[PDB]
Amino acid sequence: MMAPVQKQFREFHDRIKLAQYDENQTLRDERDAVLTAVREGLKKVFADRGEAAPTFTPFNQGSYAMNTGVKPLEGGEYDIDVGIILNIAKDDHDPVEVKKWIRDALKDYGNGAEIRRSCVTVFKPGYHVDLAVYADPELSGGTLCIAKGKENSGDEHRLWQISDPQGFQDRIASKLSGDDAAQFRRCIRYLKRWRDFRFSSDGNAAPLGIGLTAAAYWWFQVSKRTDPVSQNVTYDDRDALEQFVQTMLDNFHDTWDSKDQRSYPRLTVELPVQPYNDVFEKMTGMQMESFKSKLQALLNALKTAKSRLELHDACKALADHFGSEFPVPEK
């Protein structure tokens, strides 16, 4: 038989999922509009260089490429992630210089464009496009490097960093297959909506979607049951989330801070590809403590939802952490 609240989890997922690039013409059209804008802008930017603009190869990045995207809450923005590999040698150019090429290309597009430590972001009514900027591996020693650093960053934090976004995307796509991979992606989405619902008071404190995605890569485990008579398989998203959240909580470690003279709980989640960085490294110790506490509250609700006699009460317990799209059947 079907798991206790599985129907409501699937309805919740139906309500929060955003179709990936290959299934979403609106996202493809917005992405391609930005790409055309950067092509024409590069024409204009290199008009005063005496040379044709360098060409680039675009590729899908992020959750819309990995089929892990969620709809924003009301008032939020879509996040269109794309990479562009410019036909340039990384040692011949400064990373901030190349990102400034791209930013000046998009200077008069939409609400504007700005250079961020890891990308150039252009803004548009209801969504922003994050263009990660890379040098050509053929001209840069065979390595794919992203342009890191901003004008304010200075000198030490400005570099071409080895990067592997397509390797990461392959890792997320390949960890599981079929309906197992479906449950994996559903649980990443559930946690992204939890993030949006319970970290809205301080968006800087929120655990990034990339962090939750990498954590799922390391620690998600499928939860399913095979009927001993029909061999019919049913998935148990509530149990899968309970195991995954418990494993995340188990991987927090108290971490001394000499300035504050105390420990904070920290979850370290290495990217499984280059540059193998802790995707949570920017979160402060206090933000980590709050993250852990809300994770524990979510885990407690997942456990409570297993024991409620009334489906209404189990679903309400979950809605308290997942927000208004989680169905709560009447009692």
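From 1 onward, residues are counted along the sequence shown. Rigid core: the largest C-alpha set superposing within 1.5 Å between the two forms.
Problem set entry | Stretch departing more from the displayed form, 120 to 128 or 222 to 230, Cα RMS in 6 other deposited structures of this protein (core fit) | Result of the core-fitted comparison in 6 other deposited structures of this protein: 222 to 230 deviates more.
For this session: Figure out for me whether 49 to 57 or 280 to 288 is the more displaced stretch in 6 other deposited structures of this protein, taking RMS C-alpha distance from the shown form once the rigid core is superposed.
Result: Checking 280 to 288 against 49 to 57 in 6 other deposited structures of this protein, I find the farther stretch is 49 to 57.
For this session: Using the B-factors recorded in the PDB entry, average over the C-alpha atoms of 53 to 61 and of 274 to 282, then report which stretch comes out higher.
Result: It is 53 to 61 that shows the higher mean C-alpha B-factor.
Problem set entry | 112 to 120 or 147 to 155, whichever carries the higher mean Cα B-factor | Stretch with the higher mean C-alpha B-factor: 147 to 155.
Exercise. When you compare the CA B-factors of 186, 193, 253, 103 as listed in the entry, which one comes out on top?
Worked result: Result of the comparison over 186, 193, 253, 103: 103.
Problem set entry | Residue selected from 177, 243, 230, 161 by maximal Cα B factor | Of 177, 243, 230, 161, 230 has the highest C-alpha B-factor.
For this session: Sorting the chain's modelled residues by C-alpha B-factor, tell me whether residue 18 ends up in the lowest, middle or highest third.
Result: Middle third - that is where residue 18 ends up once the chain's C-alpha B-factors are sorted.
Exercise. With respect to C-alpha B-factor, does residue 167 fall in the lowest, middle or highest third of the chain as deposited?
Worked result: As the PDB entry reports it, the C-alpha B-factor of residue 167 lands in the lowest third of its chain.
Exercise. Taking the C-alpha B-factors as the PDB entry records them, is residue 314 in the lowest, middle or highest third of its chain?
Worked result: Middle third.
Exercise. Which third of the chain does residue 4 land in by C-alpha B-factor: lowest, middle or highest?
Worked result: Highest third, going by the recorded CA B-factors of the chain.
For this session: Divide the modelled residues of the chain into thirds by Cα B-factor and specify which third, lowest, middle or highest, holds residue 138.
Result: For residue 138, the deposited C-alpha B-factor lands in the highest third.
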